[PDB]
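Visitor: Sequence first, structure after; it's an experimental one.
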Amino acid sequence: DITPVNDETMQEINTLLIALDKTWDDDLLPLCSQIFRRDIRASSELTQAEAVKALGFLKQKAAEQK
Amino acid sequence: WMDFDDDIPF
């Protein structure tokens, strides 16, 4: 399933990045590229299935400690 | 493979 990430999922990810003081360019896109073993250069280029995995990881991080 | 279920720093 290669449906692109939807706007709702993107907005939840953006929310957590801001709360974590992290960014797509410095933090998340590099990690997504390593985990998904593919060149991911923009937030819009994730699949919805990939974005859901990233979102779960961000939720873990935001839930863990202040 | 490292993946998003792992306890990796961020």
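Guide: Ah, there it is. Residues are numbered from 1 along each chain as shown, chains lettered A, B, ... in the order given.
Visitor: quick one: contacts for whichever residue of chain B sits closest to chain A?
Guide: Chain B approaches chain A most closely through residue B:4 (4.2 Å), counting by Cβ to the nearest Cβ. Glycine gets a C-beta too; all of them are placed from N, C-alpha and C. Residue B:4 makes contact with A:35, A:53, A:54, A:56, A:57, according to Cβ atoms under 8 Å, 6 or more residues apart in numbering or on different chains.
Visitor: Go again with 10 Å.
Guide: Residues counted as contacts of residue B:4 (Cβ atoms under 10 Å, 6 or more residues apart in numbering or on different chains) are A:31-32, A:35-36, A:50, A:52-58, A:60.
Visitor: again, but for residue A:3
Guide: Counting by Cβ under 10 Å, 6+ apart, residue A:3 has contacts A:47, A:48, A:49, A:51.
Visitor: Hmm, residue A:22 and residue A:15 touching each other?
Guide: No - here residue A:15 lies out of contact with residue A:22, judged by Cβ atoms under 10 Å, at a distance of 11.5 Å.
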